[PDB]
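Only one chain is included here, represented as C-alpha coordinates and corresponding to the form deposited in one PDB entry.
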(Lines give C-alpha, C1' and ligand atoms only; values in the text may rest on other atoms or scores of the structure.)
Protein backbone atom coordinates (compact mmCIF):
# COMPACT_ATOMS: atom_id res chain seq x y z
CA UNK A 1 0.00 0.00 0.00
CA UNK A 2 0.79 3.74 0.07
CA UNK A 3 3.06 4.31 -2.93
CA UNK A 4 3.33 7.88 -1.55
CA UNK A 5 4.92 6.66 1.71
CA UNK A 6 7.37 4.57 -0.33
CA UNK A 7 8.37 7.56 -2.46
CA UNK A 8 8.76 9.69 0.67
CA UNK A 9 11.24 7.14 2.09
CA UNK A 10 12.86 6.76 -1.35
CA UNK A 11 13.72 10.50 -1.33
CA UNK A 12 15.80 10.01 1.86
CA UNK A 13 18.03 7.64 -0.13
CA UNK A 14 18.37 10.02 -3.02
CA UNK A 15 18.34 13.72 -1.90
CA UNK A 16 21.70 15.18 -0.84
CA UNK A 17 21.89 15.96 2.86
CA UNK A 18 22.34 19.54 4.20
CA UNK A 19 26.12 19.01 4.60
CA UNK A 20 26.69 17.89 1.01
CA UNK A 21 24.56 20.82 -0.13
CA UNK A 22 26.52 23.31 2.02
CA UNK A 23 29.81 21.92 0.66
CA UNK A 24 28.56 22.47 -2.91
CA UNK A 25 27.38 26.06 -2.25
CA UNK A 26 30.70 26.98 -0.63
CA UNK A 27 32.69 25.56 -3.59
CA UNK A 28 30.34 27.35 -6.00
CA UNK A 29 30.68 30.73 -4.23
CA UNK A 30 34.46 30.39 -4.17
CA UNK A 31 34.55 29.33 -7.82
CA UNK A 32 32.40 32.31 -8.83
CA UNK A 33 34.70 34.61 -6.89
CA UNK A 34 37.79 33.26 -8.66
CA UNK A 35 36.16 33.41 -12.08
CA UNK A 36 34.91 36.96 -11.52
CA UNK A 37 38.50 38.03 -10.61
CA UNK A 38 39.56 36.91 -14.11
CA UNK A 39 36.78 38.92 -15.83
CA UNK A 40 35.64 35.81 -17.68
CA UNK A 41 32.22 34.87 -19.16
CA UNK A 42 30.79 31.57 -17.89
CA UNK A 43 27.71 29.47 -17.09
CA UNK A 44 27.08 26.88 -14.39
CA UNK A 45 25.33 23.96 -16.07
CA UNK A 46 24.34 20.40 -15.37
CA UNK A 47 22.80 18.62 -12.44
CA UNK A 48 24.38 20.79 -9.74
CA UNK A 49 23.15 24.02 -11.33
CA UNK A 50 19.60 22.62 -11.60
CA UNK A 51 19.58 20.95 -8.15
CA UNK A 52 18.84 17.51 -9.67
CA UNK A 53 22.05 15.71 -8.65
CA UNK A 54 21.90 12.46 -6.75
CA UNK A 55 23.07 11.94 -3.16
CA UNK A 56 26.80 11.12 -3.33
CA UNK A 57 27.32 12.51 -6.86
CA UNK A 58 28.24 16.14 -6.22
CA UNK A 59 30.11 17.73 -9.14
CA UNK A 60 30.11 21.30 -10.47
CA UNK A 61 30.18 22.06 -14.21
CA UNK A 62 31.32 25.49 -15.48
CA UNK A 63 31.19 26.27 -19.21
CA UNK A 64 33.44 29.13 -20.35
CA UNK A 65 31.73 31.14 -23.10
CA UNK A 66 34.12 32.33 -25.83
CA UNK A 67 33.45 34.51 -28.88
CA UNK A 68 32.54 32.53 -32.01
CA UNK A 69 35.35 34.31 -33.89
CA UNK A 70 37.96 32.56 -31.70
CA UNK A 71 39.81 29.60 -33.23
CA UNK A 72 39.57 26.15 -31.63
CA UNK A 73 43.24 26.45 -30.70
CA UNK A 74 42.53 29.78 -28.96
CA UNK A 75 39.56 28.20 -27.12
CA UNK A 76 41.70 25.38 -25.75
CA UNK A 77 44.60 27.58 -24.69
CA UNK A 78 42.48 30.30 -23.06
CA UNK A 79 40.20 27.77 -21.40
CA UNK A 80 42.97 25.57 -20.00
CA UNK A 81 44.65 28.67 -18.52
CA UNK A 82 41.47 29.82 -16.80
CA UNK A 83 40.65 26.32 -15.52
CA UNK A 84 44.17 25.79 -14.16
CA UNK A 85 43.99 29.26 -12.55
CA UNK A 86 40.65 28.71 -10.85
CA UNK A 87 41.00 25.21 -9.31
CA UNK A 88 42.83 24.02 -6.15
CA UNK A 89 44.19 20.90 -7.88
CA UNK A 90 43.61 20.03 -11.56
CA UNK A 91 44.07 17.60 -14.46
CA UNK A 92 43.53 17.92 -18.25
CA UNK A 93 41.19 15.70 -20.32
CA UNK A 94 39.62 15.38 -23.86
CA UNK A 95 40.99 16.43 -27.27
CA UNK A 96 39.13 18.92 -29.55
CA UNK A 97 38.16 21.18 -26.67
CA UNK A 98 40.31 19.59 -23.97
CA UNK A 99 38.77 20.52 -20.61
CA UNK A 100 40.15 20.87 -17.08
CA UNK A 101 38.92 18.63 -14.27
CA UNK A 102 39.81 19.46 -10.68
CA UNK A 103 38.81 20.38 -7.13
CA UNK A 104 37.60 23.49 -5.32
CA UNK A 105 37.21 23.13 -1.53
CA UNK A 106 36.85 19.34 -1.66
CA UNK A 107 34.32 19.45 -4.54
CA UNK A 108 34.92 17.98 -8.03
CA UNK A 109 34.79 20.56 -10.82
CA UNK A 110 34.81 20.54 -14.63
CA UNK A 111 35.80 23.76 -16.42
CA UNK A 112 34.92 23.45 -20.11
CA UNK A 113 35.51 25.91 -22.94
CA UNK A 114 32.85 26.29 -25.63
CA UNK A 115 31.61 28.87 -28.08
CA UNK A 116 28.87 31.15 -26.79
CA UNK A 117 26.38 30.90 -29.75
CA UNK A 118 23.02 32.61 -30.26
CA UNK A 119 21.29 29.63 -31.88
CA UNK A 120 21.30 25.81 -31.33
CA UNK A 121 21.71 25.36 -35.14
CA UNK A 122 25.41 26.44 -34.99
CA UNK A 123 26.60 23.30 -33.13
CA UNK A 124 30.07 21.95 -34.05
CA UNK A 125 30.36 19.97 -30.77
CA UNK A 126 28.39 18.01 -28.19
CA UNK A 127 29.70 20.40 -25.53
CA UNK A 128 28.39 23.30 -27.63
CA UNK A 129 24.99 21.64 -26.99
CA UNK A 130 25.24 21.28 -23.18
CA UNK A 131 24.52 24.97 -22.41
CA UNK A 132 21.44 24.77 -24.63
CA UNK A 133 20.29 21.67 -22.75
CA UNK A 134 20.66 23.54 -19.49
CA UNK A 135 19.00 26.67 -20.82
CA UNK A 136 16.08 24.54 -22.04
CA UNK A 137 15.74 22.63 -18.71
CA UNK A 138 16.22 25.42 -16.16
CA UNK A 139 12.74 26.83 -15.56
CA UNK A 140 11.01 23.79 -17.02
CA UNK A 141 12.41 21.54 -14.28
CA UNK A 142 11.91 23.94 -11.32
CA UNK A 143 9.68 22.33 -8.71
CA UNK A 144 10.36 18.85 -10.15
CA UNK A 145 13.97 18.27 -9.14
CA UNK A 146 13.05 15.63 -6.57
CA UNK A 147 10.93 13.81 -9.16
CA UNK A 148 14.11 13.62 -11.27
CA UNK A 149 16.03 12.20 -8.27
CA UNK A 150 13.40 9.50 -7.71
CA UNK A 151 13.73 8.49 -11.34
CA UNK A 152 17.53 8.48 -11.28
CA UNK A 153 17.45 6.45 -8.01
CA UNK A 154 14.97 3.95 -9.42
CA UNK A 155 17.20 3.44 -12.48
CA UNK A 156 20.48 3.36 -10.59
CA UNK A 157 19.16 0.80 -8.07
CA UNK A 158 18.25 -1.39 -11.05
CA UNK A 159 21.55 -1.04 -12.92
CA UNK A 160 20.26 0.97 -15.90
CA UNK A 161 21.24 4.53 -15.08
CA UNK A 162 23.90 6.01 -17.39
CA UNK A 163 24.26 6.04 -21.18
CA UNK A 164 27.90 4.95 -21.14
CA UNK A 165 28.74 1.62 -22.86
CA UNK A 166 29.22 -0.28 -19.59
CA UNK A 167 25.52 0.30 -18.79
CA UNK A 168 23.71 1.21 -22.09
CA UNK A 169 20.97 2.81 -20.03
CA UNK A 170 19.21 6.09 -19.27
CA UNK A 171 21.22 9.36 -19.20
CA UNK A 172 20.63 12.06 -16.63
CA UNK A 173 19.54 14.39 -19.41
CA UNK A 174 17.05 11.76 -20.55
CA UNK A 175 15.65 11.46 -16.99
CA UNK A 176 15.11 15.24 -16.84
CA UNK A 177 13.33 15.31 -20.21
CA UNK A 178 11.05 12.49 -19.10
CA UNK A 179 10.12 14.37 -15.92
CA UNK A 180 9.40 17.50 -17.99
CA UNK A 181 7.25 15.44 -20.35
CA UNK A 182 5.27 13.43 -17.80
CA UNK A 183 5.52 15.88 -14.91
CA UNK A 184 6.48 13.38 -12.22
CA UNK A 185 7.99 10.10 -11.28
CA UNK A 186 4.98 7.84 -11.09
CA UNK A 187 3.40 9.41 -14.19
CA UNK A 188 6.59 8.48 -16.06
CA UNK A 189 6.34 4.98 -14.58
CA UNK A 190 2.61 4.67 -15.28
CA UNK A 191 3.09 5.69 -18.92
CA UNK A 192 6.29 3.72 -19.47
CA UNK A 193 4.30 0.51 -18.94
CA UNK A 194 2.93 1.12 -22.47
CA UNK A 195 6.23 2.04 -24.18
CA UNK A 196 7.27 -0.07 -27.15
CA UNK A 197 10.50 -0.49 -29.09
CA UNK A 198 9.00 1.93 -31.66
CA UNK A 199 7.90 4.66 -29.23
CA UNK A 200 8.85 8.24 -30.07
CA UNK A 201 8.63 10.86 -27.32
CA UNK A 202 8.82 14.42 -28.69
CA UNK A 203 9.26 16.85 -25.83
CA UNK A 204 9.27 20.04 -27.91
CA UNK A 205 6.31 19.16 -30.13
CA UNK A 206 4.32 17.94 -27.11
CA UNK A 207 3.59 14.51 -28.52
CA UNK A 208 4.22 10.80 -28.61
CA UNK A 209 4.24 8.89 -31.92
CA UNK A 210 5.53 5.72 -33.59
CA UNK A 211 8.86 5.45 -35.38
CA UNK A 212 11.47 2.87 -36.38
CA UNK A 213 13.21 2.82 -32.97
CA UNK A 214 12.79 4.04 -29.40
CA UNK A 215 13.53 7.74 -29.79
CA UNK A 216 13.42 10.65 -27.40
CA UNK A 217 13.68 13.82 -29.49
CA UNK A 218 16.19 16.35 -28.11
CA UNK A 219 14.22 19.61 -27.86
CA UNK A 220 17.45 21.45 -28.73
CA UNK A 221 18.09 19.29 -31.87
CA UNK A 222 15.23 17.29 -33.47
CA UNK A 223 17.55 14.84 -35.29
CA UNK A 224 19.23 13.76 -32.04
CA UNK A 225 17.99 10.77 -30.03
CA UNK A 226 18.66 11.30 -26.35
CA UNK A 227 18.02 7.56 -25.79
CA UNK A 228 20.38 6.54 -28.63
CA UNK A 229 22.53 4.29 -26.45
CA UNK A 230 19.63 2.81 -24.40
CA UNK A 231 19.72 -0.87 -25.37
CA UNK A 232 16.57 -2.77 -26.37
CA UNK A 233 16.98 -5.13 -23.40
CA UNK A 234 17.32 -2.25 -20.93
CA UNK A 235 14.26 -0.57 -22.40
CA UNK A 236 12.49 -3.90 -21.92
CA UNK A 237 13.78 -4.16 -18.34
CA UNK A 238 12.55 -0.68 -17.46
CA UNK A 239 9.06 -1.28 -18.90
CA UNK A 240 8.83 -4.60 -17.01
CA UNK A 241 9.99 -2.87 -13.80
CA UNK A 242 7.40 -0.13 -14.22
CA UNK A 243 4.63 -2.73 -14.61
CA UNK A 244 5.83 -4.55 -11.48
CA UNK A 245 6.11 -1.30 -9.53
CA UNK A 246 2.50 -0.20 -10.20
CA UNK A 247 1.21 -3.73 -9.44
CA UNK A 248 2.98 -3.90 -6.07
CA UNK A 249 5.02 -0.82 -5.15
CA UNK A 250 7.93 -1.28 -2.75
CA UNK A 251 10.89 0.64 -1.35
CA UNK A 252 12.96 -2.33 -2.61
CA UNK A 253 12.85 -0.95 -6.19
CA UNK A 254 15.05 1.97 -4.99
CA UNK A 255 17.60 -0.14 -3.08
CA UNK A 256 20.56 -1.66 -4.97
CA UNK A 257 20.71 -5.43 -4.75
CA UNK A 258 23.71 -7.30 -3.38
CA UNK A 259 24.68 -10.60 -5.14
CA UNK A 260 23.47 -14.10 -4.25
CA UNK A 261 26.91 -15.28 -3.05
CA UNK A 262 26.55 -19.07 -2.74
CA UNK A 263 28.84 -21.99 -1.92
CA UNK A 264 30.86 -23.37 -4.88
CA UNK A 265 29.49 -26.80 -3.91
CA UNK A 266 25.87 -25.64 -4.41
CA UNK A 267 26.98 -24.10 -7.70
CA UNK A 268 28.68 -27.39 -8.67
CA UNK A 269 25.41 -29.22 -7.96
CA UNK A 270 23.40 -26.71 -10.00
CA UNK A 271 25.67 -27.14 -13.02
CA UNK A 272 25.56 -30.92 -12.51
CA UNK A 273 21.72 -30.84 -12.46
CA UNK A 274 21.58 -28.65 -15.56
CA UNK A 275 23.88 -31.07 -17.45
CA UNK A 276 25.52 -28.20 -19.34
CA UNK A 277 29.11 -27.36 -20.26
CA UNK A 278 30.12 -24.27 -18.25
CA UNK A 279 33.42 -22.55 -18.92
CA UNK A 280 35.32 -19.26 -19.14
CA UNK A 281 37.98 -17.68 -21.26
CA UNK A 282 40.30 -15.85 -18.86
CA UNK A 283 42.74 -13.20 -20.11
CA UNK A 284 44.50 -10.04 -18.90
CA UNK A 285 42.45 -6.85 -18.97
CA UNK A 286 43.63 -4.40 -21.65
CA UNK A 287 44.63 -1.06 -20.16
CA UNK A 288 41.75 0.92 -21.74
CA UNK A 289 38.72 2.89 -20.53
CA UNK A 290 35.39 1.07 -19.98
CA UNK A 291 33.78 2.70 -23.01
CA UNK A 292 36.25 0.82 -25.26
CA UNK A 293 36.55 -2.37 -23.20
CA UNK A 294 32.89 -3.24 -22.74
CA UNK A 295 31.83 -3.11 -26.39
CA UNK A 296 34.89 -5.30 -27.15
CA UNK A 297 33.89 -7.83 -24.46
CA UNK A 298 30.45 -7.79 -26.06
CA UNK A 299 32.05 -8.50 -29.50
CA UNK A 300 34.36 -11.26 -28.21
CA UNK A 301 31.45 -13.02 -26.45
CA UNK A 302 29.28 -12.73 -29.56
CA UNK A 303 31.94 -14.09 -31.90
CA UNK A 304 32.69 -17.07 -29.65
CA UNK A 305 28.96 -17.68 -29.08
CA UNK A 306 28.47 -17.73 -32.83
CA UNK A 307 31.45 -20.08 -33.23
CA UNK A 308 29.85 -22.45 -30.66
CA UNK A 309 26.60 -22.23 -32.66
CA UNK A 310 28.31 -23.18 -35.94
CA UNK A 311 30.24 -26.05 -34.38
CA UNK A 312 27.01 -27.51 -32.95
CA UNK A 313 27.75 -27.08 -29.23
CA UNK A 314 24.41 -25.30 -28.81
CA UNK A 315 25.31 -22.45 -26.50
CA UNK A 316 22.60 -21.24 -24.14
CA UNK A 317 23.89 -17.82 -23.05
CA UNK A 318 27.10 -15.88 -22.71
CA UNK A 319 28.25 -13.35 -20.13
CA UNK A 320 31.40 -11.44 -19.22
CA UNK A 321 33.11 -9.90 -16.21
CA UNK A 322 36.02 -7.44 -16.02
CA UNK A 323 38.12 -7.27 -12.87
CA UNK A 324 41.03 -4.88 -12.41
CA UNK A 325 43.54 -7.52 -13.57
CA UNK A 326 41.58 -10.04 -15.69
CA UNK A 327 38.58 -10.31 -17.96
CA UNK A 328 36.35 -13.35 -18.17
CA UNK A 329 34.10 -14.46 -21.03
CA UNK A 330 31.56 -16.98 -19.72
CA UNK A 331 29.64 -19.59 -21.74
CA UNK A 332 27.10 -22.34 -21.04
CA UNK A 333 26.43 -25.03 -23.69
CA UNK A 334 23.89 -27.84 -23.99
CA UNK A 335 26.55 -30.17 -25.47
CA UNK A 336 29.46 -31.31 -23.34
CA UNK A 337 30.80 -33.65 -25.99
CA UNK A 338 30.17 -34.29 -29.69
CA UNK A 339 31.13 -37.30 -31.81
CA UNK A 340 34.58 -37.48 -33.38
CA UNK A 341 33.01 -38.43 -36.71
CA UNK A 342 31.14 -35.85 -38.74
CA UNK A 343 29.98 -35.55 -42.35
CA UNK A 344 31.83 -33.55 -44.92
CA UNK A 345 29.97 -32.52 -48.06
CA UNK A 346 31.36 -33.42 -51.47
CA UNK A 347 30.30 -32.75 -55.05
CA UNK A 348 27.25 -33.87 -57.01
CA UNK A 349 27.56 -37.28 -58.64
CA UNK A 350 27.89 -35.83 -62.11
CA UNK A 351 31.05 -33.73 -61.43
CA UNK A 352 33.59 -36.40 -62.48
CA UNK A 353 36.79 -34.34 -62.02
CA UNK A 354 35.98 -33.23 -58.47
CA UNK A 355 34.35 -36.48 -57.47
CA UNK A 356 37.60 -38.30 -58.30
CA UNK A 357 39.51 -35.74 -56.21
CA UNK A 358 36.98 -36.06 -53.37
CA UNK A 359 37.25 -39.87 -53.39
CA UNK A 360 41.07 -39.75 -53.60
CA UNK A 361 41.61 -38.55 -50.00
CA UNK A 362 42.59 -41.37 -47.61
CA UNK A 363 39.94 -41.67 -44.89
CA UNK A 364 39.17 -44.26 -42.23
CA UNK A 365 35.67 -44.80 -43.65
CA UNK A 366 34.07 -45.06 -47.11
CA UNK A 367 32.42 -41.99 -48.66
CA UNK A 368 28.76 -42.44 -49.58
CA UNK A 369 26.09 -41.02 -51.86
CA UNK A 370 23.03 -39.33 -50.46
CA UNK A 371 20.44 -37.32 -52.39
CA UNK A 372 22.57 -37.21 -55.55
CA UNK A 373 25.64 -35.97 -53.75
CA UNK A 374 28.84 -37.46 -52.30
CA UNK A 375 29.55 -37.21 -48.55
CA UNK A 376 32.47 -38.38 -46.41
CA UNK A 377 32.90 -39.31 -42.77
CA UNK A 378 35.74 -37.20 -41.41
CA UNK A 379 37.18 -36.61 -37.94
CA UNK A 380 36.62 -33.44 -35.89
CA UNK A 381 39.66 -31.54 -34.59
CA UNK A 382 37.95 -30.97 -31.23
CA UNK A 383 35.13 -32.77 -29.49
CA UNK A 384 34.23 -30.47 -26.53
CA UNK A 385 33.24 -26.75 -26.48
CA UNK A 386 36.23 -26.00 -24.23
CA UNK A 387 38.67 -27.47 -26.85
CA UNK A 388 36.77 -25.74 -29.64
CA UNK A 389 37.04 -22.32 -28.02
CA UNK A 390 40.77 -22.87 -27.31
CA UNK A 391 41.26 -23.37 -31.04
CA UNK A 392 39.00 -20.46 -32.18
CA UNK A 393 40.48 -18.00 -29.69
CA UNK A 394 44.10 -18.90 -30.56
CA UNK A 395 43.33 -18.76 -34.31
CA UNK A 396 40.77 -15.89 -34.60
CA UNK A 397 42.01 -13.58 -31.83
CA UNK A 398 42.02 -10.65 -34.29
CA UNK A 399 38.24 -10.72 -34.68
CA UNK A 400 37.61 -10.55 -30.90
CA UNK A 401 37.93 -6.78 -30.42
CA UNK A 402 40.97 -4.64 -31.18
CA UNK A 403 42.48 -4.61 -27.69
CA UNK A 404 40.74 -7.69 -26.26
CA UNK A 405 41.91 -9.72 -29.26
CA UNK A 406 45.49 -8.54 -28.79
CA UNK A 407 45.29 -9.51 -25.12
CA UNK A 408 43.97 -12.99 -25.97
CA UNK A 409 46.73 -13.35 -28.57
CA UNK A 410 49.35 -12.83 -25.81
CA UNK A 411 47.68 -15.06 -23.20
CA UNK A 412 44.40 -16.74 -22.43
CA UNK A 413 43.25 -19.63 -20.29
CA UNK A 414 40.17 -21.85 -20.53
CA UNK A 415 38.66 -22.60 -17.15
CA UNK A 416 35.90 -25.10 -16.41
CA UNK A 417 34.81 -27.53 -13.70
CA UNK A 418 35.52 -26.83 -10.06
CA UNK A 419 38.42 -24.49 -10.92
CA UNK A 420 35.95 -22.02 -12.49
CA UNK A 421 33.94 -21.70 -9.28
CA UNK A 422 37.05 -20.53 -7.38
CA UNK A 423 37.28 -17.65 -9.92
CA UNK A 424 35.56 -14.32 -9.10
CA UNK A 425 32.71 -14.91 -11.57
CA UNK A 426 30.07 -16.50 -9.31
CA UNK A 427 27.55 -13.64 -9.52
CA UNK A 428 27.75 -13.62 -13.33
CA UNK A 429 27.32 -17.39 -13.50
CA UNK A 430 24.30 -17.24 -11.22
CA UNK A 431 22.67 -14.49 -13.24
CA UNK A 432 23.49 -16.17 -16.56
CA UNK A 433 21.89 -19.42 -15.33
CA UNK A 434 18.92 -17.69 -13.58
CA UNK A 435 19.77 -19.06 -10.14
CA UNK A 436 17.08 -18.13 -7.62
CA UNK A 437 18.39 -16.59 -4.39
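In this text, rigid core is short for the largest set of C-alphas that superpose within 1.5 Å between two forms. Numbering follows the first chain given and starts at 1.
Form deposited with a small molecule bound: not shown, discussed below.
Across the options 244-252, 196-204, 165-173, 276-284, residues that bring heavy atoms within 4.5 Å of the small molecule in the entry with it bound belong to 165-173. Just one of 318, 184, 130, 234 comes within 4.5 Å of the small molecule in the entry with it bound, counting any heavy atom, and that one is 130. Residue 59 is the only one of 36, 59, 30, 410 with a heavy atom lying within 4.5 Å of the small molecule in the entry with it bound. Taking the partner from elsewhere, residue 389 is found to have every heavy atom lying beyond 4.5 Å of the small molecule in the entry with it bound. Contact annotation for residue 215: none of its heavy atoms lies within 4.5 Å of the small molecule in the entry with it bound.
Using a 4.5 angstroms limit between non-hydrogen atoms, residue 161 touches the small molecule in the entry with it bound. In the entry with it bound, the small molecule lies farther than 4.5 Å from every heavy atom of residue 376.
Summarising the superposition on the core between this form and the one not shown, the listed residues 242, 293, 167, 75 contain exactly one with a Cα shift of 2 Å or larger, 75. With the core held fixed between this form and the one not shown, residue 66 has its Cα displaced by at least 2 Å. Put the two forms on the same core and the Cα of residue 121 is off by 2 Å or more between this form and the one not shown. Once the cores line up, the CA of residue 398 ends up less than 2 angstroms apart between this form and the one not shown.
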